[PDB]
Structure formats: structure tokens, C-alpha cells
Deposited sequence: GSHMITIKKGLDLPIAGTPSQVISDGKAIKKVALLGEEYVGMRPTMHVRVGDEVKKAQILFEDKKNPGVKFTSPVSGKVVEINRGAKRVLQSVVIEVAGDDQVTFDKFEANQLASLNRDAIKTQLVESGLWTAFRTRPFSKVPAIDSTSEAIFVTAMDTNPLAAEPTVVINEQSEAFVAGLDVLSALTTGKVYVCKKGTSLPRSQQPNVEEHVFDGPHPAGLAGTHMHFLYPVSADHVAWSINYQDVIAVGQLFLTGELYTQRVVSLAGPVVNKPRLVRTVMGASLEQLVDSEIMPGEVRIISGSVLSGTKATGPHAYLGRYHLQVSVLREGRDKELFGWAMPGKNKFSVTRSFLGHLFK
């Protein structure tokens, strides 16, 4: 019973020379561009802002040069594409791990907003990035994944136990109430803060607004406050019936998916999806990049 089931083992992904942010992934987003084609950007430099969500910043995952600003019907921002070059970056304050749970909420927000990592959060429902002036009594951490062919979160978190817990400690200070780690039964490194809860699930077989953030973005939150640098590493499941060796591969936020799957694939006509067949983007043309909230890439036969 495989049908493209990934080996839950991490290895290096194929080389990535360009990345993008995808404008249509952010509910209600109406962009104001802060770069144009030809601009050089640092990692964590702002590429655009949302007119309908003032103060939220959408920042570059890499140092490089803006090579494409793709727009569709009614001029919607499809993608801002950055060709990797150099290692320039905006840096932020760093802290000892023992200080994180005691930081002030407003300083936490400012660092998350300024770095762009604030976009990791989405409200429930509406699925919008929270307003920067808002708070939540309930931050949910998704440390499980029910999508077919997803990466097992425990395997990823095991490489990054310190940063995962550090991220939970930051969230424990950010929430006005509790943090809820949604997980399968398998044990995980545990925050020591009393308002971080675990919610254990098993499956599948086969204002009062909560926020949600996935476990890889929690690792990124811990790295941001421990090191002062935006942490753009991703571990994604590369899987599907036409993937020769489905497995977990290291890549970067926003990675070119044409470059990521370069001869990982059996011959024939195939379709690349950022995310899963249940929740994904057809990764073609200006959309052929890893979506902000996607932790897997599915490649399937065409018919």
C-alpha cells in the first residue's frame, strides 16, 4: 500500500535558484508593491503590503534580485519571483531561550510583523492573517497533518526540538490565553509553560477568534527569536504516483517547484500541485512555487 507514499526520511532537495511569494494565497489581499523587477532585496525585506490589512508585511525568503512580478485578471498579484543571489538579510533582536516566555506581547508582534513571519498566522475562520493590532486567547499549533502523503511532523520536529519549543514559548507569551498543540499520539518535545496544552488526535483512518500556525512555522518563530534571523528552511513531502523516490526533501520557502522536481519524476505528462490534491494550487506558470502554507508537493499523472 504505497501509491507514492513518501519515505519519512529527510534528504536534500534539488537545487533552487528562484523563489516566490504568491499573492492569491492571502485572503482579501490587495497589494501595494514595495519593489519592482530589477530591485535587489535582502532576506526579510518587504516585497509588498496589504491595503486591506494595514501594517502586515510580506517579506522576501531570500537575498536576491526581483526577476518577475506576475499579474493576472483584474491585475491580481500572482507571484513576486526572486532569483537567489548572495546572503544579505535584515536582522532582528535575539534572546536566550529562557527569556522567550517572558517577552512582552507587543515586542513579539513587532518582530514577527517586521520579519514577515506574522503571515504564518491565520484566523479561524476567514483564514485571514490577523490584524496587527489584534490578539487571540487561543493559538492552535498544527503538529499533525491529515493530508494524504504528508510529511510526518515528528520527524521534522526531531531535528529542531530546541527551536520548536522556543517557538511554543514565544506563542505562550503572544496568546492572551493558551496555546494548543494539535498532535497525534506520538510524543513530542514539550513546552514548560503552563498555558501550552497538547490536544491528542488519532486519524484519519483510512473577539472569540482563534489563530492557527503550523509546526514548521513554529520552528521558524523559535529560530527568529533565538538567532535574530528569518529562518526559511522547509522540509516538504515530495510524493505522488510519478515521483521516482517519494521522500522528505529540504528546500526553501517559496521554492520554484519546476526546479524542485527536476528529474525526480517518471517520464510522461504530469501535473505538479503545491500542497495536496485535497488542498493545493496547480503549480504552473506564475504559480509554480511552494505556497506559503504548503508543506508538500504532489506530482500526479495527467489524463
{"item": "Sequence order list of spans that the model leaves without C-alpha positions, deposited numbering", "value": "1-13, 220-235, 333-360"}
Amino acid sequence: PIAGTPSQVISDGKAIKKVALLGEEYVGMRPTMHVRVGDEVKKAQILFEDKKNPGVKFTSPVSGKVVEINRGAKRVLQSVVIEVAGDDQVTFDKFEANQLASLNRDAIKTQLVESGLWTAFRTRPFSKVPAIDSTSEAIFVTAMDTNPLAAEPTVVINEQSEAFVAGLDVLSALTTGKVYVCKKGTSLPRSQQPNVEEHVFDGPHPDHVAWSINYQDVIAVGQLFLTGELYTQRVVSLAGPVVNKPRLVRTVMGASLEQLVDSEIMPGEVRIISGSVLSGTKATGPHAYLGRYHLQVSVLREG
From here on, numbers count along this sequence of modelled residues.
property	result
194-202 or 215-223, whichever carries the higher mean Cα B-factor	194-202
53-61 set against 264-272, stretch whose average Cα temperature factor tops the other in the entry	264-272
Candidate set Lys109, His208, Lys178, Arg122 [ranked by C-alpha B-factor, highest]	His208
Top Cα B factor in the deposited entry, candidates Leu77, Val170, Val129, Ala138	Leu77
Assigned third (lowest, middle, highest) for the C-alpha B factor of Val235	lowest
Third of the chain's Cα B-factor distribution that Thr251 belongs to, per the entry	lowest
Assigned third (lowest, middle, highest) for the C-alpha B factor of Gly228	middle
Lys18 by Cα B-factor - lowest, middle or highest third of the modelled chain	middle
Third of the chain, ranked by Cα B-factor, where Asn70 sits	highest
